[PDB]
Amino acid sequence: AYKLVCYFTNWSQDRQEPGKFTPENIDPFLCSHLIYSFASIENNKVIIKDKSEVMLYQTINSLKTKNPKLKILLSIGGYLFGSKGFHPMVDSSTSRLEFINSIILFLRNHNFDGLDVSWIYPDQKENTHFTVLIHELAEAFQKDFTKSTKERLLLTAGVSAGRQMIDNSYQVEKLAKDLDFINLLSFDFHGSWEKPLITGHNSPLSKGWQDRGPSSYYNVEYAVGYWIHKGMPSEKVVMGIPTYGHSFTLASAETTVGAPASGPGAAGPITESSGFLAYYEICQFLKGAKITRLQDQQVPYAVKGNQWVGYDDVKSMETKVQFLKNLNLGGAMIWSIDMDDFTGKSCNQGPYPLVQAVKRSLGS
């Protein structure tokens, strides 16, 4: 059966409506797997820094009581944690063992079903440390299993969808044996970090008709194909789908993909971060905007004034699910359900319109 793996985040709790998210906003039957982002590491041991830590625990038990099949994982890593967050824990056998033992105890004590390691990114420098850490975790989880009456703790990893970073960071065949699945981060293909700075879509399914050479790697279709080619079984690929888009401020009258941009788009009023918008912000931006669907890339962008936003909607997600089924992938992953219109109060499409569309397509 296809998985629907849903990340939610610690920091959405600080937002104003309609972006104010706490774990009680989670629908227990919406996803097959939930992933909390992110735990940290202190004195080589896993810890959660979250004033709402006790709420998270209560909610975990409540959700799992309501849906005995639900799996809830703890993620550590992410972009801001970077590689530095894993040091000094990773630099010795004794310090990794301390971490791993703390993980098993913590996960069991708080009713989690497994660990997601989203190291952003190992790159060439930390390839070895990451490979070793994953291997030692898998082994320890297996050893824990043989001595327990409970199910084996799951181990997953959020991984790059960029060909160069994939080649640099990962020993893929080994990863295929140690991981239950990958959460393929198939988004951020384009954004305001690029040079030269031109518009491009966050998460195009396929390449543009004019894309040749390396430009042709920056899409979901290519990333999924590449991971499988490198030795990840298709059923262990859980394909990431974003509920946010990337915005640009246009530098000229041109409004097409590849148009000149002067910088990131204006910050949204709720997420307050120049360069992206959550879906509950996008649906407001679309009012008064001009929407274009790329027939080649299979996704929409919209323009209003000097703002250009590449994003995903119900339609582009239905196409992405047809793709994942056709490639026999393990399911879909969402970054992140707290940026869908979870309350339904913004987009006039009911609660969780994007994730519900995915769930529906997966089961139809």
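Just count from 1 along the sequence shown to find any residue number.
When the mean C-alpha temperature factors of 321 to 329 and 42 to 50 are read from the deposited coordinates, 42 to 50 comes out higher. The stretch 300 to 308 shows the higher mean C-alpha B-factor when 331 to 339 is compared against 300 to 308 in the entry. The maximum CA B-factor among the listed residues 210, 171, 247, 186, taken from the PDB record, is found at 210. Among 129, 152, 135, 71, the highest C-alpha B-factor recorded in the PDB entry belongs to 152.
Annotation for residue 167: CA B-factor lies in the middle third of the chain's modelled residues. For residue 346, the recorded CA temperature factor ranks within the highest third of the chain's modelled residues. The entry lists a Cα temperature factor for residue 292 that places it in the middle third of the chain's modelled residues. The entry lists a Cα temperature factor for residue 122 that places it in the lowest third of the chain's modelled residues. Per-chain ranking of the deposited C-alpha B factor places residue 193 in the highest third.
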